[PDB]
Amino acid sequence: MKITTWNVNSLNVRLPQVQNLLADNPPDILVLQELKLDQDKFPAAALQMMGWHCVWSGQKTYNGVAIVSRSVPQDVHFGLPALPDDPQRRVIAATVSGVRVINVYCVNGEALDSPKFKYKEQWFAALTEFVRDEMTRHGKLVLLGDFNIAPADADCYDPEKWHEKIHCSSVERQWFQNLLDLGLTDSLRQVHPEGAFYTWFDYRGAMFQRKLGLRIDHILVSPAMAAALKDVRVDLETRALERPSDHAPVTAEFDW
């Protein structure tokens, strides 16, 4: 089984690339963040007509998350029970081929002194509660997406420049640890304990061409999935395309 997560930085813009990714060596499940499309503007026909089932949660301009799979997604769930009236479209879950898939587009946070950083804190607390509950029922569970958190200094290029800055702060790293502490494994680091595996590269300054990025897109797995884990890779071919998303897809492959 292959599961890919990709922050597409607008699905309107990236649709042809999503289509090309589904057409050649496709994953079994592709989850998307930053649709940036209202619910009724999601290109459902374009993907469905390719033989893919889609569930999604969109809003105008911002955010937006989708799950795309050749299996029909079951028991679809939207949002966070502990933050039930947040209008921001950031969490969608569904059971796909017996695996509980929770797709997140986590709060960026902006800056440690931004009011959006307090939002980030409360939002992560709410996510932890939902994930903890979901894990009591599904032995095969995958929590994946753009976490907007770089777990350790190997995940932030030039770590001295990012010392207690957004994405790379000690407190953000604690929020990421709180998810692992539920009984989940950072899949990429199980397979590749050492080395840079950046998933986001700023468009400004040609950072992708300079190899300078953050590892903020992750695939967190329950033990039953960890035991079956074969590889985790960052799809830099897709990031190297003309007019790319600033994030690269990340794929985990499971082998039983």
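A residue's number is simply how far along the shown sequence it sits, counting from 1.
The deposited model assigns a higher average Cα B-factor to 69 to 77 than to the other stretch when 69 to 77 and 151 to 159 are compared. Per-stretch averaging of Cα B factors for 168 to 176 and 94 to 102 places 94 to 102 on top. Taking the deposited Cα B-factors for 190, 199, 209, 33, the highest one is held by 190. When the modelled residues of the chain are ordered by C-alpha B-factor, residue 136 sits in the highest third.
For residue 21, the recorded CA temperature factor ranks within the highest third of the chain's modelled residues.
When all modelled residues of the chain are sorted by CA temperature factor, residue 84 is found within the highest third. For residue 233, the recorded CA B-factor ranks within the middle third of the chain. Only modelled residues enter the ranking. Per-chain ranking of the deposited C-alpha B factor places residue 110 in the middle third.
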